[PDB]
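J.: Experimental coordinates for this protein are included below, preceded by the sequence.
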Amino acid sequence: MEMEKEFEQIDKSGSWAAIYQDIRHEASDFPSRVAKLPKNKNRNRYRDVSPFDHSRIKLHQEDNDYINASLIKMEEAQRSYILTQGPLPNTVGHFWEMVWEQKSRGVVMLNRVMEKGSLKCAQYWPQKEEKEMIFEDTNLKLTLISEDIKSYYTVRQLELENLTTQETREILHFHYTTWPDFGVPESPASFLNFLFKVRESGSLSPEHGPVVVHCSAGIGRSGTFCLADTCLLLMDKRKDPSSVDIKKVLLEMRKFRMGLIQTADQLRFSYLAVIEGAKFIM
Ligand SMILES: CCn1cc(C(=O)NCc2ccc(F)cc2)cn1
């Protein structure tokens, strides 16, 4: 079926939970043996969210190459994404090592450091120009260059230096700051505006390594971001845009990381975002 009318048909019939459970039943199951090794317990935020072995990002280190991060490679859309958890106190250095080694231009953050009174990820970037951060375990230096605070999101320019080679690179930090503590946003308008700002920066384009996108577990909000982006790109590429099937795209993405889209409300919100976004594109 088309999307907008399939949408109204699920609303009128109140069957979002049943649609979402079908997706959960059909989703791929692949091994994640490296994630479950005992030496990696303090590298995982949640025991039930792990990268598959076949698609995990490897750190370029011989001691321990593990990080909780997955490469989502979308062949028809010609887009790639790295989806990862919010960094932990003992993985902030690994996080920036990955950004460096994978040649990413942008980092997309969809959570606040504290939500619901609890810490959802480490304070992993510097908050003042004159107070830079040094990650001694991976030999990197990170400096805040500029910050632009808007009503729904903040954009930061950062300098990442590899202290071993003295090479430097400019990294863009796109921080969506207004996702509610409970539920999903009422309108997708500010989320779509944010997606378009990431696109306009070059961070999603083939001349750079894959964008790095995270929230607390790296599957829920993060899944919503890449699902909406890929669906809208496919609607621009194909002769028949009504042929784009959001449930099929989501199942393709779940071949590369488990659990993408965590609730039926997030599924409905993803439909809403793609529907409204397709009208603005034209
Ligand atoms: C009219 C001149 N102009 C150039 C840009 C530009 O560089 N856009 C890409 C970009 C986005 C966010 C960043 F932080 C840095 C770079 C915007 N206006």
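T.: Nice, I can see it. Numbers count the residues shown, from 1 in each chain.
J.: Near the ligand, which residues of this protein are found?
T.: Contacts of the chain with the ligand, taken as Cβ under 6 Å from any ligand atom, map to 155, 157, 172, 201. C-beta coordinates here come from the backbone N, C-alpha and C atoms, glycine included.
J.: what is the third one paired to in the beta sheet?
T.: According to DSSP bridges, the partner residues bridging residue 172 are residue 106, residue 157.
J.: wait, what's in contact with it?
T.: Applying Cβ atoms under 8 Å, 6 or more residues apart in numbering, one finds that residue 172 lies in contact with 105-107, 155-158, 201, 203.
J.: same deal with the last one?
T.: Shown in contact with residue 201 (Cβ under 8 Å, 6+ apart): 105-106, 172, 174.
J.: one more time with 6 Å, if that's ok
T.: Contact analysis of residue 201 by Cβ atoms under 6 Å, 6 or more residues apart in numbering lists residue 172.
J.: ok, now how distant is it from residue 157?
T.: Distance, residue 201 to residue 157, by Cβ to Cβ, to the nearest Å: 10 Å.
J.: Show me where the stretch 1-150 of the chain has its helices.
T.: Assigned by DSSP state H, counting those that start in this stretch, the helices in the stretch 1-150 of the chain fall at 3-13, 16-26, 92-101.
J.: Now the terminal residues of stretch 145-153, how far apart.
T.: End-to-end distance for stretch 145-153: 17 Å, by Cα to Cα, to the nearest Å.
J.: Apologies, that question was intended for stretch 22-34.
T.: 28 Å.
J.: Identify each buried residue in that stretch, please.
T.: Across stretch 22-34, burial judged by 16 or more other Cβ atoms under 10 Å covers 23, 27, 32, 34.
J.: now swap in stretch 69-89 and tell me
T.: Across stretch 69-89, burial judged by 16+ other Cβ under 10 Å covers 69-74, 77, 79-88.
J.: for that stretch, the distance to its chain's centre please.
T.: Here stretch 69-89 is found 6 Å from its chain centre; the criterion is Cα atoms, centre = their mean, to the nearest Å.
J.: Can you name the residues in contact with that stretch?
T.: So stretch 69-89 is contacted by 45, 51, 55, 57, 68, 95, 120-122, 124, 210-214, 216-218, 222, 226, 230, 233-234, 253, 256-257 (Cβ under 6 Å, 6+ apart).
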